[PDB]
>>> print(open('structure_2.cif').read())   # mmCIF, C-alpha atoms and all ligand atoms
data_data
loop_
_atom_site.label_atom_id
_atom_site.label_comp_id
_atom_site.auth_asym_id
_atom_site.auth_seq_id
_atom_site.Cartn_x
_atom_site.Cartn_y
_atom_site.Cartn_z
CA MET A 1 0.45 -34.29 -20.16
CA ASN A 2 0.09 -31.71 -22.93
CA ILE A 3 0.79 -27.98 -23.33
CA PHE A 4 -2.48 -26.96 -21.64
CA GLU A 5 -1.91 -29.10 -18.55
CA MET A 6 1.75 -28.01 -18.40
CA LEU A 7 0.98 -24.30 -18.53
CA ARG A 8 -1.97 -24.77 -16.14
CA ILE A 9 0.51 -26.12 -13.57
CA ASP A 10 3.03 -23.35 -14.17
CA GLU A 11 0.59 -20.43 -14.33
CA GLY A 12 -2.17 -21.46 -11.90
CA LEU A 13 -5.79 -20.35 -12.16
CA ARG A 14 -7.09 -17.22 -10.45
CA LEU A 15 -10.46 -15.66 -11.26
CA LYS A 16 -9.75 -12.17 -9.88
CA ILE A 17 -7.16 -9.69 -11.11
CA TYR A 18 -3.83 -10.45 -9.38
CA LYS A 19 -0.22 -9.40 -9.87
CA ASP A 20 2.13 -11.83 -11.60
CA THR A 21 5.73 -12.64 -10.58
CA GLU A 22 6.87 -9.34 -12.15
CA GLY A 23 4.18 -7.29 -10.37
CA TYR A 24 1.92 -6.96 -13.44
CA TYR A 25 -1.87 -7.20 -13.47
CA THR A 26 -2.94 -10.60 -14.74
CA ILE A 27 -6.01 -12.86 -14.59
CA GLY A 28 -7.02 -16.46 -15.29
CA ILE A 29 -4.25 -18.79 -16.41
CA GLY A 30 -1.41 -16.30 -16.79
CA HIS A 31 -3.32 -13.84 -18.97
CA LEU A 32 -1.32 -10.62 -18.74
CA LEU A 33 -3.65 -7.61 -18.78
CA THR A 34 -1.18 -4.71 -18.74
CA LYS A 35 2.21 -3.58 -17.49
CA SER A 36 0.56 -0.33 -16.29
CA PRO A 37 0.49 0.19 -12.49
CA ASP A 38 -3.05 1.57 -12.90
CA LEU A 39 -5.63 -1.02 -11.83
CA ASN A 40 -8.26 0.89 -13.82
CA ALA A 41 -6.24 0.34 -17.00
CA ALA A 42 -6.05 -3.38 -16.16
CA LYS A 43 -9.83 -3.51 -15.62
CA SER A 44 -10.38 -1.83 -18.98
CA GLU A 45 -8.12 -4.40 -20.69
CA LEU A 46 -10.06 -7.18 -18.96
CA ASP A 47 -13.42 -5.84 -20.11
CA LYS A 48 -12.10 -5.50 -23.68
CA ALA A 49 -10.75 -9.08 -23.58
CA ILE A 50 -13.97 -10.65 -22.26
CA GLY A 51 -16.47 -8.37 -24.02
CA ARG A 52 -18.44 -7.37 -20.91
CA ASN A 53 -18.05 -5.24 -17.78
CA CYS A 54 -16.27 -7.69 -15.45
CA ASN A 55 -15.24 -5.41 -12.59
CA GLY A 56 -12.06 -7.44 -12.12
CA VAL A 57 -13.61 -10.93 -11.92
CA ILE A 58 -14.18 -13.67 -14.53
CA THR A 59 -15.52 -17.23 -14.62
CA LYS A 60 -13.51 -20.43 -15.11
CA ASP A 61 -14.95 -20.80 -18.62
CA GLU A 62 -13.83 -17.26 -19.46
CA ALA A 63 -10.35 -17.94 -18.06
CA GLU A 64 -10.08 -21.09 -20.15
CA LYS A 65 -11.18 -19.16 -23.26
CA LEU A 66 -8.41 -16.59 -22.81
CA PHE A 67 -6.00 -19.48 -22.19
CA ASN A 68 -6.99 -21.18 -25.47
CA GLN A 69 -6.49 -17.90 -27.33
CA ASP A 70 -3.16 -17.20 -25.62
CA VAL A 71 -1.68 -20.67 -26.29
CA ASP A 72 -2.77 -20.53 -29.91
CA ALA A 73 -1.32 -17.04 -30.38
CA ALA A 74 1.95 -18.12 -28.69
CA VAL A 75 2.39 -21.09 -31.09
CA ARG A 76 1.40 -19.07 -34.14
CA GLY A 77 3.86 -16.34 -33.10
CA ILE A 78 6.66 -18.94 -32.98
CA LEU A 79 5.81 -20.07 -36.53
CA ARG A 80 5.81 -16.44 -37.73
CA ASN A 81 9.24 -15.78 -36.15
CA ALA A 82 12.21 -16.38 -38.47
CA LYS A 83 14.61 -17.10 -35.58
CA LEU A 84 12.23 -19.41 -33.75
CA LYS A 85 10.43 -21.44 -36.46
CA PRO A 86 13.40 -23.57 -37.63
CA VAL A 87 14.37 -24.38 -34.04
CA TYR A 88 10.77 -25.19 -33.10
CA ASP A 89 10.28 -27.39 -36.17
CA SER A 90 13.51 -29.28 -35.34
CA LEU A 91 12.12 -30.36 -31.96
CA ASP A 92 10.07 -33.38 -30.94
CA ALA A 93 6.55 -32.82 -29.55
CA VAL A 94 7.50 -32.73 -25.86
CA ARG A 95 10.34 -30.24 -26.31
CA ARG A 96 8.03 -28.12 -28.50
CA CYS A 97 5.84 -27.76 -25.38
CA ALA A 98 8.81 -26.42 -23.43
CA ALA A 99 9.35 -23.85 -26.18
CA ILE A 100 5.69 -22.79 -26.11
CA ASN A 101 5.85 -22.53 -22.31
CA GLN A 102 8.90 -20.23 -22.47
CA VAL A 103 7.31 -17.97 -25.11
CA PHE A 104 4.05 -17.88 -23.13
CA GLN A 105 5.93 -16.64 -20.04
CA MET A 106 8.53 -14.33 -21.64
CA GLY A 107 7.13 -13.36 -25.04
CA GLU A 108 9.28 -13.10 -28.15
CA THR A 109 11.18 -10.11 -26.79
CA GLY A 110 12.15 -12.36 -23.88
CA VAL A 111 13.21 -15.38 -25.93
CA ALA A 112 15.14 -13.01 -28.20
CA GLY A 113 17.82 -13.21 -25.51
CA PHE A 114 17.98 -16.99 -25.71
CA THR A 115 19.62 -17.19 -29.14
CA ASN A 116 22.65 -19.20 -27.96
CA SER A 117 20.42 -21.70 -26.15
CA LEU A 118 18.33 -21.94 -29.34
CA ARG A 119 21.35 -22.97 -31.40
CA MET A 120 22.25 -25.70 -28.90
CA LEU A 121 18.66 -26.97 -28.93
CA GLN A 122 18.63 -27.08 -32.75
CA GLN A 123 21.93 -29.02 -32.56
CA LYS A 124 20.29 -31.42 -30.05
CA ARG A 125 23.10 -30.79 -27.56
CA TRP A 126 20.62 -31.24 -24.74
CA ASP A 127 22.82 -31.07 -21.64
CA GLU A 128 24.74 -28.09 -23.02
CA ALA A 129 21.50 -26.32 -23.92
CA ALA A 130 20.17 -26.94 -20.41
CA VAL A 131 23.30 -25.45 -18.82
CA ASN A 132 23.05 -22.39 -21.07
CA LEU A 133 19.32 -21.89 -20.44
CA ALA A 134 19.93 -21.57 -16.69
CA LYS A 135 22.43 -18.71 -17.17
CA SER A 136 19.57 -16.23 -17.39
CA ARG A 137 17.46 -13.68 -15.56
CA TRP A 138 14.56 -16.03 -16.36
CA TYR A 139 16.10 -18.85 -14.32
CA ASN A 140 17.18 -16.64 -11.43
CA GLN A 141 13.77 -14.95 -11.06
CA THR A 142 11.60 -18.07 -11.52
CA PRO A 143 13.95 -20.96 -10.71
CA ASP A 144 11.47 -23.70 -9.85
CA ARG A 145 9.44 -23.13 -13.02
CA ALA A 146 12.55 -22.67 -15.16
CA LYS A 147 13.98 -25.92 -13.74
CA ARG A 148 10.85 -27.78 -14.89
CA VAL A 149 10.96 -26.23 -18.35
CA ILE A 150 14.71 -26.87 -18.67
CA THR A 151 14.30 -30.52 -17.60
CA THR A 152 11.69 -30.83 -20.35
CA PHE A 153 14.14 -29.38 -22.90
CA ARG A 154 16.95 -31.62 -21.59
CA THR A 155 15.05 -34.93 -21.56
CA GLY A 156 12.10 -34.66 -23.95
CA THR A 157 10.02 -36.27 -21.20
CA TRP A 158 7.36 -35.02 -18.82
CA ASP A 159 9.36 -36.10 -15.74
CA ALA A 160 9.30 -32.60 -14.20
CA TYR A 161 5.46 -32.43 -14.40
CA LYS A 162 3.95 -35.94 -14.38
CA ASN A 163 4.07 -35.97 -10.57
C1 LIG A 201 13.54 -22.92 -27.10
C2 LIG A 201 13.41 -23.20 -28.40
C3 LIG A 201 12.50 -22.38 -28.89
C4 LIG A 201 12.06 -21.58 -27.85
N1 LIG A 201 12.71 -21.94 -26.75
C5 LIG A 201 10.99 -20.51 -27.97
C6 LIG A 201 10.49 -20.36 -29.42
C7 LIG A 201 10.58 -21.62 -30.31
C8 LIG A 201 11.97 -22.28 -30.32
#
>>> encode(input="structure_2.cif", output="structure tokens")
Amino acid sequence: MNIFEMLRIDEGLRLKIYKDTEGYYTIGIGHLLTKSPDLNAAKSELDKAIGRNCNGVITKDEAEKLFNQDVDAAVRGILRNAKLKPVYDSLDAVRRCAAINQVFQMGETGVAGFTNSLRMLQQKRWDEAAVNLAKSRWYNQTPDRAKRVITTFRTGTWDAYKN
């Protein structure tokens, strides 16, 4: 297991524009296109992202390219964030993957609301952090994914995914 395999499980792979859990146009491996309800705006974002006229469909290679870019940008964003970098750098490699996964799903506006959880993670109070992480809109809206990510934060193992 690694961050790519983990996010591939959590995000799936779809080659046509679909709506994500929040109702937003998305493609590939959780590549958000737009929060606009206009499918035409989503198609324009897709074409811009891929560099050709896609008419709402991409190939697996193209999906994996966006995924590579999105994971890299997620990690780099963490390192550029003053609140997130010290917490991230305090973690072991497996728990770092849980952090990347969260940021990938929620963005940095989303994790902004996880400050208290962040402190507990930096303190390595794993069970307490796990309890706090579940007291969230995130958990309530995507509980089976959040449970996997939280187990990863709690244990520093891949137990929630290896199966
Ligand atoms: C839990 C810890 C961290 C996150 N979740 C997201 C950004 C990096 C630090």
>>> residues_near_ligand(input="structure_2.cif", ligand="ligand LIG 201 (chain A)", cutoff="7 Å", atoms="all atoms listed in the file", output="MDAnalysis selection string")
chainID A and resid 78 84:85 87:88 98:100 102:103 111 118 121
>>> closest_residue(input="structure_2.cif", among="A:22, A:60, A:133, A:139", to="residue 119 in chain A", atoms="only C-alpha atoms")
A:133
>>> closest_residue(input="structure_2.cif", among="A:109, A:101, A:53, A:157", to="residue 145 in chain A", atoms="only C-alpha atoms")
A:101
>>> axis_aligned_box(input="structure_2.cif", around="range 132-144 of chain A", padding_each_side="5 Å", output="JSON")
{"center_x": 17.3, "center_y": -18.7, "center_z": -15.5, "size_x": 21.6, "size_y": 20.0, "size_z": 21.2}
>>> residues_near_point(input="structure_2.cif", point="(-6.0, -10.8, -9.9)", cutoff="12 Å", atoms="only C-alpha atoms", output="ChimeraX atom specification")
/A:12-21,23-34,39,42-43,46,55-58,63
>>> closest_residue(input="structure_2.cif", among="A:149, A:143, A:75, A:154", to="residue 131 in chain A", atoms="all atoms listed in the file")
A:154
>>> residues_around(input="structure_2.cif", residues="residue 130 in chain A", least_positions_apart="6", cutoff="8 Å", atoms="all atoms listed in the file", output="JSON, numbers by chain")
{"A": [117, 150, 151, 153, 154]}
>>> atom_distance(input="structure_2.cif", atom1="CA of residue 95 in chain A", atom2="CA of residue 144 in chain A")
17.7 Å
>>> closest_residue(input="structure_2.cif", among="A:94, A:122, A:148, A:138", to="residue 1 in chain A", atoms="all atoms listed in the file")
A:94
>>> closest_residue(input="structure_2.cif", among="A:110, A:6, A:156, A:74", to="residue 136 in chain A", atoms="only C-alpha atoms")
A:110
>>> closest_residue(input="structure_2.cif", among="A:54, A:66, A:146, A:134", to="residue 106 in chain A", atoms="only C-alpha atoms")
A:146
>>> atom_distance(input="structure_2.cif", atom1="CA of residue 62 in chain A", atom2="CA of residue 49 in chain A")
9.7 Å
>>> atom_distance(input="structure_2.cif", atom1="CA of residue 112 in chain A", atom2="CA of residue 96 in chain A")
16.7 Å
>>> build_atoms(input="structure_2.cif", residues="range 42-71 of chain A", atoms="N, CA and C atoms", output="short mmCIF file (atom, residue, chain, number, x, y, z; two decimals), keeping the file's coordinate frame")
data_model
loop_
_atom_site.label_atom_id
_atom_site.label_comp_id
_atom_site.auth_asym_id
_atom_site.auth_seq_id
_atom_site.Cartn_x
_atom_site.Cartn_y
_atom_site.Cartn_z
N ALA A 42 -5.94 -1.92 -16.14
CA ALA A 42 -6.05 -3.38 -16.16
C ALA A 42 -7.50 -3.83 -16.28
N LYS A 43 -8.40 -3.19 -15.54
CA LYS A 43 -9.83 -3.51 -15.62
C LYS A 43 -10.41 -3.23 -17.00
N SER A 44 -9.95 -2.14 -17.63
CA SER A 44 -10.38 -1.83 -18.98
C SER A 44 -9.91 -2.92 -19.97
N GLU A 45 -8.64 -3.32 -19.86
CA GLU A 45 -8.12 -4.40 -20.69
C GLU A 45 -8.91 -5.69 -20.50
N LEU A 46 -9.27 -6.00 -19.26
CA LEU A 46 -10.06 -7.18 -18.96
C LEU A 46 -11.41 -7.13 -19.66
N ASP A 47 -12.11 -6.02 -19.49
CA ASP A 47 -13.42 -5.84 -20.11
C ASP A 47 -13.37 -5.97 -21.63
N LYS A 48 -12.34 -5.39 -22.23
CA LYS A 48 -12.10 -5.50 -23.68
C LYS A 48 -11.86 -6.96 -24.09
N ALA A 49 -11.09 -7.69 -23.28
CA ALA A 49 -10.75 -9.08 -23.58
C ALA A 49 -11.96 -10.01 -23.50
N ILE A 50 -12.83 -9.77 -22.53
CA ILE A 50 -13.97 -10.65 -22.26
C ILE A 50 -15.22 -10.20 -23.01
N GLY A 51 -15.31 -8.91 -23.31
CA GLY A 51 -16.47 -8.37 -24.02
C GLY A 51 -17.66 -8.01 -23.14
N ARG A 52 -17.41 -7.84 -21.85
CA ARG A 52 -18.44 -7.37 -20.91
C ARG A 52 -17.76 -6.62 -19.77
N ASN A 53 -18.55 -5.92 -18.96
CA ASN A 53 -18.05 -5.24 -17.78
C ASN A 53 -17.86 -6.26 -16.66
N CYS A 54 -16.60 -6.61 -16.39
CA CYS A 54 -16.27 -7.69 -15.45
C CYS A 54 -16.00 -7.25 -14.03
N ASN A 55 -15.70 -5.96 -13.87
CA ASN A 55 -15.24 -5.41 -12.59
C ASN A 55 -14.23 -6.33 -11.90
N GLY A 56 -13.20 -6.69 -12.65
CA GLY A 56 -12.06 -7.44 -12.12
C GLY A 56 -12.22 -8.92 -11.81
N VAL A 57 -13.35 -9.52 -12.20
CA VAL A 57 -13.61 -10.93 -11.92
C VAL A 57 -14.16 -11.63 -13.16
N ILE A 58 -13.68 -12.84 -13.42
CA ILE A 58 -14.18 -13.67 -14.53
C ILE A 58 -14.55 -15.07 -14.05
N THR A 59 -15.19 -15.84 -14.92
CA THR A 59 -15.52 -17.23 -14.62
C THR A 59 -14.42 -18.18 -15.11
N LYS A 60 -14.46 -19.43 -14.65
CA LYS A 60 -13.51 -20.43 -15.11
C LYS A 60 -13.57 -20.62 -16.62
N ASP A 61 -14.78 -20.65 -17.18
CA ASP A 61 -14.95 -20.80 -18.62
C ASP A 61 -14.27 -19.65 -19.36
N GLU A 62 -14.45 -18.43 -18.86
CA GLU A 62 -13.83 -17.26 -19.46
C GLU A 62 -12.30 -17.33 -19.37
N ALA A 63 -11.79 -17.77 -18.22
CA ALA A 63 -10.35 -17.94 -18.06
C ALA A 63 -9.79 -18.95 -19.05
N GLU A 64 -10.52 -20.05 -19.23
CA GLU A 64 -10.08 -21.09 -20.15
C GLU A 64 -10.15 -20.62 -21.60
N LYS A 65 -11.10 -19.74 -21.92
CA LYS A 65 -11.18 -19.16 -23.26
C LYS A 65 -9.97 -18.29 -23.57
N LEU A 66 -9.62 -17.40 -22.64
CA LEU A 66 -8.41 -16.59 -22.81
C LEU A 66 -7.19 -17.48 -22.96
N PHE A 67 -7.13 -18.54 -22.16
CA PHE A 67 -6.00 -19.48 -22.19
C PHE A 67 -5.87 -20.14 -23.57
N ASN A 68 -6.99 -20.60 -24.12
CA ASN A 68 -6.99 -21.18 -25.47
C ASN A 68 -6.45 -20.18 -26.49
N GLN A 69 -6.95 -18.94 -26.42
CA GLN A 69 -6.49 -17.90 -27.33
C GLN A 69 -5.00 -17.64 -27.15
N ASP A 70 -4.55 -17.55 -25.89
CA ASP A 70 -3.16 -17.20 -25.62
C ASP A 70 -2.18 -18.29 -26.06
N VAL A 71 -2.55 -19.56 -25.86
CA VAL A 71 -1.68 -20.67 -26.29
C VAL A 71 -1.60 -20.67 -27.81
#
